[PDB]
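Close look at the chain arrangement
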2 protein chains.
Amino acid sequence: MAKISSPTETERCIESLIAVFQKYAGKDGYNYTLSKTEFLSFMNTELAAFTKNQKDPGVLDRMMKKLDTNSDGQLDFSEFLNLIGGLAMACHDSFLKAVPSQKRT
Amino acid sequence: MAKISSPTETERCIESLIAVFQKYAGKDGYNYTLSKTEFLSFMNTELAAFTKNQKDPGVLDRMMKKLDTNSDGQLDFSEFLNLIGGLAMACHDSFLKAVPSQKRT
């Protein structure tokens, strides 16, 4: 069985975001939107790498309100992904400042 | 060993995007930007789920020019992630039109 991965690395990444997003956003039960405290818990757990590396949880506050383009105080599908964009760009930048030659053969 | 995953599901998703992005974008060797043909190959391989489900590869053309905010004809870190946003939103929407109760305990 060569095709063990129905999704690819990006697609599975995407379904990962589905998993993590919908489990935390699914706590507030609004419109599958990641509420303030849900995102606080989210970022301190699922993004503790970033969150705890910052300095104080007030950053999650800055994240939320930056991404909260719906201006409801929650992060929807795209708002969470906007986040993922900045997150990815931070880790990418890490690689660019380290070794971005991730040319996996 | 409980902490076998240094990255979380979102963080690993993010490093996945690093992996897939930098391997294809690393083919053009510009500024780690996913060039037209590199993205064509990318989307037909890594996103064949979406690409082949559309109808014709001219869609990748539409993706590129939508995401090519750098207006160079390539997708950078954020432009690829803009893509990932629309991709994720499509798969999310799939779940929302199916079963978005991905409340993994």
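Residues numbered from 1 in each chain as written, not as in the entry; some residues may be left out. Chains lettered and ligands numbered in written order. Heavy atoms only, no water.

Its PDB header attributes the entry to solution NMR.

1. Overview of the nonpolar core
A:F39, A:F80, B:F39 and B:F80 are the most contacted members of the largest nonpolar core, which totals 55 residues. Mapped by element, the contributors of at least two residues to this core are α1 (9–28), α2 (36–45), α4 (58–67) and α5 (77–96) of chain A together with α1 (9–28), α2 (36–45), α4 (58–67) and α5 (77–96) of chain B. For this core, the element with the highest residue contribution is α5(B), accounting for nine residues. (Core = buried A, V, L, I, M, F, W, Y, C linked by side-chain atoms within 4.5 Å. Buried < 20%, exposed > 50% of the residue type's maximum accessible area, 1.4 Å probe, protein only. Helix = DSSP H or I, 4+ residues; strand = E, 2+ residues; numbered from the N terminus.)

2. Let's talk about the relation of the copies chain B and chain A
The two copies are related by a screw operation: chain B maps onto chain A through 180° of rotation and 0.0 Å of translation along the axis, at an RMSD of 0.0 Å. Accordingly, the operation relating the two chain copies is best matched by a two-fold axis. Across chain B, the smallest distance between a C-alpha and the rotation axis is recorded for B:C13, namely 1.9 Å. A share of 100% of the interface residues of chain B reappears at the interface of chain A, consistent with the copies meeting face to face through the same patch. (Least-squares fit on C-alpha atoms. Contact = heavy atoms within 4.5 Å.)

3. Details of the side chain of B:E11
Mapping B:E11 onto the fold places it in helix α1. It is B:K3 that comes nearest to the buried, bridge-free B:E11 among opposite-charge side chains, at 6.0 Å. There is a polar contact of 2.8 Å between the side chain of B:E11 and the backbone nitrogen of B:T8. Setting aside residues up to four positions removed in sequence, B:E11 forms contacts with A:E46, A:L47, A:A48, A:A49, A:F50 and B:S6. (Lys, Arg positive; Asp, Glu negative; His and termini not counted. Salt bridge = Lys/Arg side-chain N within 4 Å of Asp/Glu carboxyl O. Polar contact = N/O pair within 3.5 Å; in protein donor to acceptor, adjacent residues only side chain to side chain.)

4. Digging into the pattern of salt bridges
All names here are of chain B. Following the criterion strictly, the structure yields 10 salt bridges over all chains and no others. Note that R104 is salt-bridged to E9, the shortest N-O span being 3.5 Å. Residue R104 is found in the segment after α5, and its partner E9 is found in helix α1; the two are separated by 95 residues along the sequence. Classification of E9 as buried rests on a relative accessible area of 19%. The partner of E46 in a salt bridge is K23, and the shortest N-O contact between them spans 2.7 Å.

5. Here's the deal with the UniProt feature "binding site: Ca(2+) 2" in chain A
Residue and element names in this part refer to chain A. Sites flagged by UniProt as "binding site: Ca(2+) 2" map to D68, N70, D72, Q74 and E79. The contacts of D68, once residues within four sequence positions are left out, are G73, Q74, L75 and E79. Locating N70 in the fold gives a position in the loop between α4 and β2 (74–75). (UniProt positions renumbered as here; feature names shortened; annotations may be inferred.)

6. Some thoughts on the state of the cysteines
Within this structure, the stated rule accounts for zero disulfides over all chains. Here A:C13 is not disulfide-linked; the sulfur of B:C13 is the nearest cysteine sulfur, at 3.5 Å. The buried category is assigned to A:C13, whose relative accessible area is 0%. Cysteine B:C91 shares no disulfide, and the gap to the nearest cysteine sulfur, in A:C13, comes to 10 Å. (Disulfide = S-S within 2.5 Å.)

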